[PDB]
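One chain is shown next in C-alpha cells, namely the form deposited in one PDB entry.
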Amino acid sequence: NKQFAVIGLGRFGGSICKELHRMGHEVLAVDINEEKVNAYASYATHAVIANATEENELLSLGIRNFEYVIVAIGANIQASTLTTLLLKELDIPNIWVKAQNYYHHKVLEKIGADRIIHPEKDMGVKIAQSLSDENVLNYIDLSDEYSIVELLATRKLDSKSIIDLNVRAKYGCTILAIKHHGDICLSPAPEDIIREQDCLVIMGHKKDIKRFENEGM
C-alpha cells in the first residue's frame, strides 16, 4: 500500500509520475490545470484537478494516506512553499520538492522538506562535462576526486587490448565494462579487445581519467 503523490505536473513532475506508474506503483497526479490532468491521467493510477495551496482540496485527495509526496512546482515559488508547508503540517513522512534557485532551497530547508532537488542545474553541469570532454557519454562521481566514466573509444583505441591499453599501472584507473555492437562485457578479461566507437567504462581519479584521455585516446 506504498503510495506516491505527485503535485505539480510538469516536465520534471510529469516524468516522475509517468516513470513511477510505469514501475507498477500507485501514483496520484495532481495539477491545478485541467489540461495537465487530462494529459497525465492515462499515465497514472489516479488524476485529480486540485489546488495544492488549498488545505481543503489537499485533504479531499486523501493526502494523509501518501507515504511519499513530490511537489514538482518549481516556477511558482510561493505556491511550492505553501504546498510544502501544508504537507509538513499534515505530517507527510517524505516530502521531495523541486527547487528553482538557492533561496528557494533555503526556505524549503527551513520549513522541513525531506529532499530538495535541483534537476536543471545538475543536468546542466553534466551536459557541460560532456561538452568540454567530447569523449564522455555519462558518468557518476563517487567523491569529489573519484568517478566512473563511460567513454566513446576513438580510432586511437581501435583493435586494442586490456594489456595493450594498461591503465591499472600506467594511469591508475581500471576498466570495468566494454559494450560492442550492443553486447556488453563486465569485469573484462585481460585479453578483451576494444574497438572504435565502443563504450568503455573506466573508473578512477578525474585527473587520471583525463590523463588517459589526452594520452591514450
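Residues that one form lacks are left out of the comparison. Throughout, we count residues from 1 along the sequence that is shown. Only the largest set of C-alpha atoms that superpose within 1.5 Å between the two forms is called the rigid core.
(request) For the higher mean C-alpha B factor in the entry, choose 156 to 164 or 43 to 51. (result) Looking at the record's C-alpha B-factors, the answer is 156 to 164.
(request) Ordered by C-alpha B-factor within the chain, which third holds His25? Give me lowest, middle or highest, please. (result) Ranked within chain, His25 CA B lands in the middle tercile.
(request) Check where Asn135 lands among this chain's C-alpha B-factors and tell me if it's the lowest, middle or highest third. (result) According to the entry, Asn135 has a C-alpha B-factor in the chain's middle third.
(request) Would you please rank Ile70 by its C-alpha temperature factor against the other modelled residues of its chain and give the third it falls in: lowest, middle or highest? (result) Within its chain, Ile70 is a lowest-third residue by C-alpha B-factor, going by the deposited values.
(request) Going by the recorded CA B-factors, say which third of the chain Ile193 sits in, lowest, middle or highest. (result) It falls in the top third of the chain.
(request) Check where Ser143 lands among this chain's C-alpha B-factors and tell me if it's the lowest, middle or highest third. (result) Its C-alpha B-factor belongs to the highest third of this chain's values.
This next part talks about the form deposited in another entry, which is not shown.
(request) Establish whether a shift of 2 Å or more occurs at the C-alpha of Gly112 between the shown form and the other one, with the two forms superposed on the rigid core. (result) No: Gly112 shifts by under 2 Å between the shown form and the other one.
(request) Classify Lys18 as shifted (yes) or not shifted (no) between the shown form and the other one, where shifted means its C-alpha moves by 2 Å or more with the rigid core superposed. (result) The answer is no; the displacement is under 2 Å.
(request) Have a look at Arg22 and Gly182: in the other entry, are their Cα atoms closer together or farther apart than in this form, given the change is 3 Å or more? (result) They are closer; the C-alpha distance drops by 3 Å or more in the other entry.
(request) Just list the residue ranges, at least 3 long, where Cα displacement is 2 Å or more throughout between the shown form and the other one after aligning on the core. (result) Once the cores are aligned, run 124 to 217 is the only one whose C-alphas move by at least 2 Å.
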